[PDB]
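Enquirer: I am attaching a structure below and will ask some questions about it afterwards.
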Amino acid sequence: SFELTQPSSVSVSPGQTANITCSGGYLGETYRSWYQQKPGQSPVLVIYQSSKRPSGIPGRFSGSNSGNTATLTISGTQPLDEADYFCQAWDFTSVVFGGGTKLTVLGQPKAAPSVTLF
Amino acid sequence: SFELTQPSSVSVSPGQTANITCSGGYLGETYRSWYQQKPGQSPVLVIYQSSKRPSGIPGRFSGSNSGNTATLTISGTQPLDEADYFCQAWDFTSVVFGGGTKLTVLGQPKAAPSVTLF
Amino acid sequence: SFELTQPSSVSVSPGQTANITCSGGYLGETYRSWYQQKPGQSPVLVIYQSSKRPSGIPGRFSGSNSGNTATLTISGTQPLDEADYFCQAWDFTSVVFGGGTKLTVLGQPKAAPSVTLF
Amino acid sequence: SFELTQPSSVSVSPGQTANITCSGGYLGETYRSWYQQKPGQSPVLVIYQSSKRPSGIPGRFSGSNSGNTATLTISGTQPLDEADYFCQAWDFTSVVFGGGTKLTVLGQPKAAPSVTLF
Amino acid sequence: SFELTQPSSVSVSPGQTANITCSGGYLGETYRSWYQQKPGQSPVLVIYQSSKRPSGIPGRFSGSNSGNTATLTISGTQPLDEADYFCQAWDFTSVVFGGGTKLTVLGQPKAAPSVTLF
Ligand SMILES: *[C@@H]1O[C@H](CO)[C@@H](O)[C@H](O)[C@H]1NC(C)=O
Ligand SMILES: *[C@@H]1O[C@H](CO)[C@@H](O)[C@H](O)[C@H]1NC(C)=O
Ligand SMILES: *[C@@H]1O[C@H](CO)[C@@H](O)[C@H](O)[C@H]1NC(C)=O
Ligand SMILES: *[C@@H]1O[C@H](CO)[C@@H](O)[C@H](O)[C@H]1NC(C)=O
Ligand SMILES: *[C@@H]1O[C@H](CO)[C@@H](O)[C@H](O)[C@H]1NC(C)=O
């Protein structure tokens, strides 16, 4: 009596586990006395954009492209007064497998005993 | 008596587990006395955009393209007074498999014992 | 007596599990005394957009394209007074399999014992 | 006596499980005394848009295209007073399989024992 | 009697585990007396952008490209007064497998004992 056992286990299980927490804290203000005099608050902001014949990736493929061509990003630039930003901008990008990928998983266990018993 | 067992297990199970939390905290204000005098609050903001013949990816494929061509993003730029932003902008992008991917999973276990017993 | 068992299990089960929570907190204000005098609040905002012959992806395919051509996004830019934004903008994009993907899963277990017993 | 068992299980079951919660909190205001004088509140906002021969994807296919051509988005830009935004804008996009996908699942287990017993 | 056992285990399970925490602390202010006089607050900010024939990756593929072509990023630049930024900008990018990758996992254990016993 013979036993042939081949518990082949081809396992692909990538995974990210995250405990993510933001706490704004405790902000206490007691017996605050104030006298604020701000006449003539006249901020000026001028943004000008001109473009001619812009291009990006004018060639062969780019697998993953998060970069840009000539662009403009403006965030939180000119806060004048009592501006509170708590956990304001959280950008989380979790990628297990990127772009332009070829996955060829071949799990084909072979067991063909050529047994002759006489 | 013989036993042939091949519990082939081809398992692809990627997964992300996340505990995500935002707490704005405790904001206490007791006996706040205030005198605010702000005549003539005249902010000015001018945004101008001109484009001519813009292009992006004028070539072969891009697998994943989150980047842009000449664009403009404006967020939270000019808050004047008592502006509170708590967990304001949360951008979460979780991708298991990206774009432009070819997955060929071949689980074809083979067991053909050529047994002769006489 | 012989037993042939091949419990082939071809399993593709990717999945993301998320506990997501926003709590605006506790905002307490007791015995607040105020005197606010703001004559002549005259904000000015001018947005101008002109485009000529814009284009995007004038070529071969793009698998996934979340990026843009020349565009303009304006969010929360000029809040004047007592403006509260709690968990205001949450953008969640969870993709298991992206665009432009070819999945060929072939689970064809084979068991043909050529048994001769005499 | 022999037993041939092939419990082939070809299972494709991707799935996302989410506990999603927003709580605006507790906002308490006791004994608030106020004197607000705001004559002549005259905000001005001018938005101009002109386009000529715009185009997008004037080529081969795009699998999934969430990006735009020259567009304009305006959200929450100019809130003047006592403006509260709680869990205001939630954009959730959960995609299991994207666009432009070809799925060929072939589960065809084969068991043809060529048994000769004499 | 003989036993042949080959518990082949081909396991690919990369994963990142993270405990992430932000606490804004405790901010206490008691018996604050203030006299603020700021007439004529007139900040000026001028941003000009001009581009002609920009290009990026006008050649063969780039596997992963997070870098940009001539762009402009403006963040938190000119905060005038009482501007608090707590855990303001958190950019987390966790990638298990990058772009432009070819994964060929071949788990095909072989066990064919040529046994002759007579
Ligand atoms: C952290 O995550 C683990 C499991 O990954 C869990 O046991 C624990 O409760 C989590 N703690 C926090 C504070 O999120
Ligand atoms: C964290 O998630 C784990 C399971 O992943 C769960 O046991 C626990 O209760 C969660 N805790 C929080 C604070 O979300
Ligand atoms: C977290 O999710 C787990 C299961 O994933 C569940 O046991 C637990 O109650 C959840 N907790 C919260 C706070 O959402
Ligand atoms: C979280 O979801 C789990 C199952 O996924 C459930 O047991 C639990 O009650 C949920 N909790 C909340 C707070 O949504
Ligand atoms: C840290 O994570 C571990 C598991 O990775 C968990 O036991 C523990 O509770 C976490 N602690 C904190 C403070 O997040």
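Scheme for the structure tokens: letters A, B, ... for chains in order shown; per-chain residue numbers from 1; ligand numbers from 1 in order shown.
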List as a PyMOL selection string the protein and nucleic acid residues near residue D:35, meaning an atom at most 8 Å away when only C-alpha atoms are counted, but skip any in the same chain fewer than 2 places from it.
Expert: (chain C and resi 34-36) or (chain D and resi 33+37)
Enquirer: Save the residues we just selected, C-alpha atoms, as a compact mmCIF listing (two decimals), in the first residue's frame?
Expert:
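File written: out_10.txt
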# COMPACT_ATOMS: atom_id res chain seq x y z
CA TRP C 34 -20.21 90.03 20.14
CA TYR C 35 -20.40 93.38 18.36
CA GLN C 36 -19.75 93.00 14.63
CA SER D 33 -25.50 87.83 22.44
CA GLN D 37 -24.44 95.54 11.30
Enquirer: Onto chain B, please fit chain D by least squares using all C-alpha atoms in order, then return the transformed chain as a tab-separated table (two decimals) with N, CA and C atoms, in the first residue's frame.
Expert:
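part.tsv, freshly written:
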chain	number	residue	atom	x	y	z
D	1	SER	N	-3.68	-1.50	-1.89
D	1	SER	CA	-4.53	-0.27	-1.88
D	1	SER	C	-3.68	0.98	-1.87
D	2	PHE	N	-3.97	1.90	-2.78
D	2	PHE	CA	-3.26	3.17	-2.86
D	2	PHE	C	-4.25	4.33	-2.93
D	3	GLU	N	-3.79	5.48	-2.46
D	3	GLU	CA	-4.56	6.71	-2.50
D	3	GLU	C	-3.74	7.79	-3.18
D	4	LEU	N	-4.35	8.45	-4.15
D	4	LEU	CA	-3.76	9.59	-4.84
D	4	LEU	C	-4.63	10.81	-4.58
D	5	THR	N	-4.06	11.80	-3.91
D	5	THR	CA	-4.76	13.02	-3.56
D	5	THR	C	-3.94	14.21	-4.00
D	6	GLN	N	-4.55	15.13	-4.74
D	6	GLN	CA	-3.88	16.35	-5.19
D	6	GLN	C	-4.83	17.52	-4.99
D	7	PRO	N	-4.94	18.00	-3.76
D	7	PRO	CA	-5.79	19.16	-3.47
D	7	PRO	C	-5.19	20.46	-3.97
D	8	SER	N	-5.09	20.59	-5.28
D	8	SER	CA	-4.49	21.78	-5.86
D	8	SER	C	-5.36	22.99	-5.56
D	9	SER	N	-4.74	24.02	-5.00
D	9	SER	CA	-5.43	25.24	-4.62
D	9	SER	C	-4.70	26.42	-5.24
D	10	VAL	N	-5.27	26.94	-6.32
D	10	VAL	CA	-4.73	28.11	-7.01
D	10	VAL	C	-5.58	29.28	-6.53
D	11	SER	N	-5.02	30.09	-5.65
D	11	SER	CA	-5.76	31.17	-5.01
D	11	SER	C	-5.09	32.51	-5.25
D	12	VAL	N	-5.85	33.44	-5.81
D	12	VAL	CA	-5.44	34.82	-6.04
D	12	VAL	C	-6.42	35.68	-5.26
D	13	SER	N	-6.03	36.16	-4.08
D	13	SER	CA	-6.93	36.94	-3.25
D	13	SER	C	-6.18	38.08	-2.58
D	14	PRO	N	-5.82	39.09	-3.35
D	14	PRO	CA	-5.25	40.31	-2.79
D	14	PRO	C	-6.34	41.23	-2.25
D	15	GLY	N	-6.10	41.79	-1.07
D	15	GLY	CA	-7.09	42.64	-0.46
D	15	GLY	C	-6.55	43.56	0.61
D	16	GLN	N	-7.04	44.79	0.63
D	16	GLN	CA	-6.61	45.79	1.59
D	16	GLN	C	-7.71	46.04	2.61
D	17	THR	N	-7.33	46.00	3.88
D	17	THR	CA	-8.21	46.19	5.02
D	17	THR	C	-7.82	47.49	5.71
D	18	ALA	N	-8.79	48.39	5.89
D	18	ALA	CA	-8.48	49.69	6.46
D	18	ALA	C	-9.50	50.17	7.49
D	19	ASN	N	-8.98	50.57	8.65
D	19	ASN	CA	-9.76	51.24	9.69
D	19	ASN	C	-9.42	52.71	9.54
D	20	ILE	N	-10.37	53.51	9.09
D	20	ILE	CA	-10.12	54.91	8.81
D	20	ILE	C	-11.01	55.77	9.69
D	21	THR	N	-10.40	56.73	10.38
D	21	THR	CA	-11.12	57.55	11.34
D	21	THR	C	-10.66	59.00	11.34
D	22	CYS	N	-11.63	59.90	11.39
D	22	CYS	CA	-11.43	61.32	11.58
D	22	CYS	C	-12.28	61.79	12.75
D	23	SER	N	-11.67	62.47	13.70
D	23	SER	CA	-12.39	63.07	14.81
D	23	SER	C	-12.02	64.54	14.91
D	24	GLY	N	-13.02	65.40	14.79
D	24	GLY	CA	-12.80	66.83	14.81
D	24	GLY	C	-12.39	67.40	16.15
D	25	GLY	N	-12.33	66.57	17.18
D	25	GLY	CA	-11.92	67.01	18.49
D	25	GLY	C	-13.01	67.72	19.29
D	26	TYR	N	-12.54	68.41	20.32
D	26	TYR	CA	-13.37	69.25	21.18
D	26	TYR	C	-12.91	70.70	21.09
D	27	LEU	N	-13.82	71.58	20.68
D	27	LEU	CA	-13.59	73.02	20.57
D	27	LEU	C	-14.47	73.75	21.57
D	28	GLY	N	-13.86	74.25	22.64
D	28	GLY	CA	-14.58	74.96	23.69
D	28	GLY	C	-14.24	76.44	23.70
D	29	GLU	N	-15.27	77.27	23.85
D	29	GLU	CA	-15.11	78.72	23.93
D	29	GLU	C	-16.08	79.24	24.97
D	30	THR	N	-15.54	79.72	26.09
D	30	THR	CA	-16.34	80.22	27.18
D	30	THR	C	-16.05	81.69	27.47
D	31	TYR	N	-17.11	82.46	27.65
D	31	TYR	CA	-17.03	83.87	28.02
D	31	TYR	C	-16.15	84.66	27.07
D	32	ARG	N	-16.38	84.45	25.79
D	32	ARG	CA	-15.67	85.19	24.76
D	32	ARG	C	-16.35	86.53	24.52
D	33	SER	N	-15.61	87.61	24.73
D	33	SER	CA	-16.08	88.96	24.52
D	33	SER	C	-15.33	89.55	23.34
D	34	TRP	N	-16.06	90.10	22.38
D	34	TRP	CA	-15.46	90.54	21.14
D	34	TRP	C	-16.08	91.83	20.65
D	35	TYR	N	-15.26	92.60	19.94
D	35	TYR	CA	-15.63	93.87	19.32
D	35	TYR	C	-14.88	93.87	18.00
D	36	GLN	N	-15.57	93.55	16.92
D	36	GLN	CA	-14.96	93.45	15.60
D	36	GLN	C	-15.51	94.54	14.68
D	37	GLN	N	-14.60	95.33	14.13
D	37	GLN	CA	-14.92	96.44	13.24
D	37	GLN	C	-14.09	96.31	11.96
D	38	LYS	N	-14.70	95.83	10.87
D	38	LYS	CA	-14.00	95.61	9.61
D	38	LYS	C	-14.70	96.26	8.42
D	39	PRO	N	-14.71	97.59	8.35
D	39	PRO	CA	-15.29	98.25	7.18
D	39	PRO	C	-14.45	98.04	5.92
D	40	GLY	N	-15.14	98.00	4.79
D	40	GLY	CA	-14.51	98.03	3.48
D	40	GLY	C	-13.69	96.81	3.12
D	41	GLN	N	-14.24	95.64	3.37
D	41	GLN	CA	-13.60	94.38	3.03
D	41	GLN	C	-13.87	94.10	1.55
D	42	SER	N	-12.89	94.40	0.70
D	42	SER	CA	-13.05	94.31	-0.75
D	42	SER	C	-11.97	93.46	-1.42
D	43	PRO	N	-11.99	92.15	-1.19
D	43	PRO	CA	-11.03	91.28	-1.86
D	43	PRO	C	-11.27	91.24	-3.36
D	44	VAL	N	-10.18	91.09	-4.10
D	44	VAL	CA	-10.23	90.98	-5.55
D	44	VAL	C	-9.47	89.75	-5.99
D	45	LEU	N	-10.10	88.95	-6.85
D	45	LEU	CA	-9.47	87.75	-7.39
D	45	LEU	C	-9.81	87.66	-8.87
D	46	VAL	N	-8.78	87.63	-9.70
D	46	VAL	CA	-8.93	87.53	-11.15
D	46	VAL	C	-8.17	86.33	-11.66
D	47	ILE	N	-8.89	85.42	-12.31
D	47	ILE	CA	-8.31	84.22	-12.89
D	47	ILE	C	-8.58	84.24	-14.39
D	48	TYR	N	-7.52	84.15	-15.18
D	48	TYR	CA	-7.59	84.18	-16.63
D	48	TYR	C	-6.94	82.92	-17.18
D	49	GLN	N	-7.60	82.30	-18.15
D	49	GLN	CA	-7.07	81.09	-18.78
D	49	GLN	C	-7.27	81.18	-20.29
D	50	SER	N	-6.19	80.96	-21.03
D	50	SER	CA	-6.21	80.92	-22.48
D	50	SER	C	-5.37	79.75	-22.94
D	51	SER	N	-5.91	78.95	-23.86
D	51	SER	CA	-5.16	77.82	-24.39
D	51	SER	C	-5.36	77.70	-25.89
D	52	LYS	N	-4.34	77.17	-26.55
D	52	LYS	CA	-4.32	77.01	-28.00
D	52	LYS	C	-3.63	75.71	-28.37
D	53	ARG	N	-4.37	74.83	-29.04
D	53	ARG	CA	-3.86	73.55	-29.51
D	53	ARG	C	-3.21	72.69	-28.42
D	54	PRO	N	-3.87	72.50	-27.28
D	54	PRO	CA	-3.34	71.58	-26.27
D	54	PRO	C	-3.53	70.13	-26.68
D	55	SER	N	-2.63	69.29	-26.18
D	55	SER	CA	-2.67	67.87	-26.50
D	55	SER	C	-2.11	67.06	-25.35
D	56	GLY	N	-2.55	65.80	-25.28
D	56	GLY	CA	-2.05	64.87	-24.30
D	56	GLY	C	-2.06	63.47	-24.85
D	57	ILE	N	-0.95	62.76	-24.66
D	57	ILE	CA	-0.79	61.38	-25.14
D	57	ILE	C	-1.09	61.29	-26.63
D	58	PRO	N	-0.51	62.14	-27.47
D	58	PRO	CA	-0.71	61.98	-28.92
D	58	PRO	C	0.27	60.97	-29.51
D	59	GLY	N	0.21	59.75	-28.99
D	59	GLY	CA	1.13	58.70	-29.37
D	59	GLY	C	0.53	57.35	-29.09
D	60	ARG	N	1.35	56.40	-28.66
D	60	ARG	CA	0.82	55.09	-28.34
D	60	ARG	C	0.12	55.14	-26.99
D	61	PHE	N	-0.41	54.00	-26.57
D	61	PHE	CA	-1.24	53.99	-25.38
D	61	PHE	C	-0.46	54.39	-24.14
D	62	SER	N	-1.19	54.92	-23.17
D	62	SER	CA	-0.71	55.08	-21.81
D	62	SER	C	-1.56	54.14	-20.96
D	63	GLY	N	-0.90	53.29	-20.17
D	63	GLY	CA	-1.65	52.32	-19.39
D	63	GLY	C	-2.63	52.96	-18.43
D	64	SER	N	-2.12	53.73	-17.48
D	64	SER	CA	-2.95	54.50	-16.58
D	64	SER	C	-2.40	55.90	-16.61
D	65	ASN	N	-3.28	56.87	-16.80
D	65	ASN	CA	-2.87	58.26	-16.90
D	65	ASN	C	-3.78	59.09	-16.00
D	66	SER	N	-3.25	59.47	-14.85
D	66	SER	CA	-3.94	60.33	-13.92
D	66	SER	C	-3.37	61.73	-14.00
D	67	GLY	N	-2.23	61.87	-14.65
D	67	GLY	CA	-1.69	63.17	-14.89
D	67	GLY	C	-2.46	63.85	-15.98
D	68	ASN	N	-2.35	65.16	-15.99
D	68	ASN	CA	-3.11	65.98	-16.89
D	68	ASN	C	-2.20	66.73	-17.85
D	69	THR	N	-2.86	67.43	-18.73
D	69	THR	CA	-2.33	68.38	-19.69
D	69	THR	C	-2.57	69.73	-19.00
D	70	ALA	N	-2.31	70.85	-19.66
D	70	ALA	CA	-2.26	72.10	-18.92
D	70	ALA	C	-3.63	72.45	-18.37
D	71	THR	N	-3.76	72.29	-17.05
D	71	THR	CA	-4.96	72.47	-16.26
D	71	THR	C	-4.67	73.38	-15.08
D	72	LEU	N	-5.73	73.75	-14.36
D	72	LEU	CA	-5.61	74.62	-13.21
D	72	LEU	C	-6.55	74.17	-12.11
D	73	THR	N	-6.00	73.95	-10.91
D	73	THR	CA	-6.75	73.55	-9.73
D	73	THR	C	-6.62	74.60	-8.62
D	74	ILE	N	-7.76	75.05	-8.09
D	74	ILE	CA	-7.80	76.06	-7.04
D	74	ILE	C	-8.62	75.53	-5.87
D	75	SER	N	-7.98	75.37	-4.71
D	75	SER	CA	-8.65	74.84	-3.53
D	75	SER	C	-8.30	75.62	-2.27
D	76	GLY	N	-9.33	76.07	-1.55
D	76	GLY	CA	-9.14	76.74	-0.27
D	76	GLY	C	-8.21	77.93	-0.23
D	77	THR	N	-8.01	78.58	-1.36
D	77	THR	CA	-6.90	79.53	-1.49
D	77	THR	C	-7.05	80.76	-0.60
D	78	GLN	N	-8.18	81.46	-0.67
D	78	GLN	CA	-8.33	82.73	0.04
D	78	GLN	C	-9.48	82.76	1.03
D	79	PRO	N	-9.36	82.04	2.15
D	79	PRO	CA	-10.34	82.13	3.23
D	79	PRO	C	-10.03	83.35	4.08
D	80	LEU	N	-11.00	84.25	4.21
D	80	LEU	CA	-10.79	85.48	4.95
D	80	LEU	C	-10.88	85.34	6.46
D	81	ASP	N	-11.97	84.76	6.97
D	81	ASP	CA	-12.19	84.83	8.40
D	81	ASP	C	-12.96	83.63	8.94
D	82	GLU	N	-12.54	83.18	10.12
D	82	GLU	CA	-13.19	82.10	10.86
D	82	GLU	C	-13.52	80.90	9.98
D	83	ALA	N	-12.56	80.50	9.16
D	83	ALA	CA	-12.76	79.41	8.22
D	83	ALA	C	-12.14	78.15	8.79
D	84	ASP	N	-12.97	77.15	9.04
D	84	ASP	CA	-12.54	75.90	9.64
D	84	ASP	C	-12.70	74.78	8.63
D	85	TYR	N	-11.63	74.01	8.45
D	85	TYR	CA	-11.57	72.90	7.50
D	85	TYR	C	-11.14	71.66	8.27
D	86	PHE	N	-12.07	70.81	8.64
D	86	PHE	CA	-11.77	69.61	9.42
D	86	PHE	C	-11.96	68.36	8.57
D	87	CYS	N	-10.87	67.65	8.31
D	87	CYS	CA	-10.92	66.48	7.45
D	87	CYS	C	-11.58	66.83	6.12
D	88	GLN	N	-11.26	68.04	5.66
D	88	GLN	CA	-11.91	68.65	4.51
D	88	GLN	C	-11.76	67.86	3.22
D	89	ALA	N	-10.53	67.60	2.81
D	89	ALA	CA	-10.29	66.93	1.53
D	89	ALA	C	-9.50	65.65	1.71
D	90	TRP	N	-10.19	64.54	1.57
D	90	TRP	CA	-9.59	63.22	1.67
D	90	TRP	C	-9.74	62.54	0.33
D	91	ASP	N	-8.62	62.23	-0.31
D	91	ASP	CA	-8.61	61.60	-1.62
D	91	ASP	C	-7.92	60.26	-1.46
D	92	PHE	N	-8.70	59.20	-1.53
D	92	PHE	CA	-8.20	57.84	-1.35
D	92	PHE	C	-8.41	57.06	-2.63
D	93	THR	N	-7.32	56.55	-3.19
D	93	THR	CA	-7.36	55.77	-4.41
D	93	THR	C	-6.66	54.44	-4.15
D	94	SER	N	-7.43	53.38	-4.01
D	94	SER	CA	-6.91	52.05	-3.76
D	94	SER	C	-7.16	51.16	-4.97
D	95	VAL	N	-6.09	50.76	-5.65
D	95	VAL	CA	-6.19	49.93	-6.85
D	95	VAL	C	-5.46	48.62	-6.62
D	96	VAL	N	-6.16	47.52	-6.82
D	96	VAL	CA	-5.57	46.20	-6.69
D	96	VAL	C	-4.80	45.83	-7.95
D	97	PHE	N	-5.44	45.95	-9.11
D	97	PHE	CA	-4.80	45.74	-10.40
D	97	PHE	C	-5.02	46.97	-11.26
D	98	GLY	N	-3.94	47.49	-11.83
D	98	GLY	CA	-3.99	48.68	-12.64
D	98	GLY	C	-4.53	48.43	-14.04
D	99	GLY	N	-4.44	49.49	-14.85
D	99	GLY	CA	-4.91	49.43	-16.21
D	99	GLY	C	-3.89	48.85	-17.16
D	100	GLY	N	-4.39	48.34	-18.28
D	100	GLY	CA	-3.51	47.74	-19.27
D	100	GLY	C	-2.81	46.49	-18.79
D	101	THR	N	-3.52	45.62	-18.09
D	101	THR	CA	-2.95	44.41	-17.53
D	101	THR	C	-3.55	43.18	-18.18
D	102	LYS	N	-2.71	42.18	-18.37
D	102	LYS	CA	-3.12	40.89	-18.92
D	102	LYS	C	-2.83	39.84	-17.86
D	103	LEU	N	-3.88	39.20	-17.37
D	103	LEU	CA	-3.76	38.16	-16.36
D	103	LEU	C	-4.15	36.84	-16.98
D	104	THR	N	-3.21	35.92	-17.02
D	104	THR	CA	-3.44	34.58	-17.55
D	104	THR	C	-3.13	33.59	-16.44
D	105	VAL	N	-4.16	33.14	-15.75
D	105	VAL	CA	-4.03	32.19	-14.65
D	105	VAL	C	-4.47	30.83	-15.16
D	106	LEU	N	-3.53	29.90	-15.20
D	106	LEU	CA	-3.76	28.54	-15.68
D	106	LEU	C	-3.51	27.52	-14.59
D	107	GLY	N	-4.57	27.12	-13.91
D	107	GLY	CA	-4.49	26.07	-12.91
D	107	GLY	C	-5.06	24.81	-13.51
D	108	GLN	N	-4.21	23.94	-14.06
D	108	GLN	CA	-4.65	22.70	-14.69
D	108	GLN	C	-3.87	21.49	-14.17
D	109	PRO	N	-3.97	21.22	-12.87
D	109	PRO	CA	-3.30	20.04	-12.30
D	109	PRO	C	-3.55	18.78	-13.10
D	110	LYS	N	-2.50	17.99	-13.27
D	110	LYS	CA	-2.52	16.76	-14.04
D	110	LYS	C	-2.08	15.58	-13.18
D	111	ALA	N	-2.90	14.52	-13.17
D	111	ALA	CA	-2.59	13.29	-12.45
D	111	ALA	C	-3.13	12.11	-13.25
D	112	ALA	N	-2.27	11.47	-14.03
D	112	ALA	CA	-2.63	10.31	-14.84
D	112	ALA	C	-1.67	9.16	-14.55
D	113	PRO	N	-1.84	8.49	-13.41
D	113	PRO	CA	-0.96	7.35	-13.10
D	113	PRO	C	-1.14	6.23	-14.10
D	114	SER	N	-0.05	5.89	-14.78
D	114	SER	CA	0.00	4.72	-15.66
D	114	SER	C	0.37	3.50	-14.82
D	115	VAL	N	-0.64	2.95	-14.17
D	115	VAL	CA	-0.48	1.85	-13.22
D	115	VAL	C	-0.80	0.51	-13.88
D	116	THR	N	0.14	-0.43	-13.79
D	116	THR	CA	-0.05	-1.79	-14.28
D	116	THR	C	0.31	-2.72	-13.13
D	117	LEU	N	-0.65	-3.54	-12.70
D	117	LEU	CA	-0.48	-4.42	-11.55
D	117	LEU	C	-0.98	-5.82	-11.87
D	118	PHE	N	-0.07	-6.72	-12.22
D	118	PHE	CA	-0.44	-8.10	-12.51
D	118	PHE	C	0.71	-9.06	-12.25
Enquirer: Going by DSSP on the backbone, which residues of stretch 41-103 of chain B come out as strand (DSSP E)? List them as a PyMOL selection string.
Expert: chain B and resi 44-52+62-65+72-75+83-86+89-97+102-103
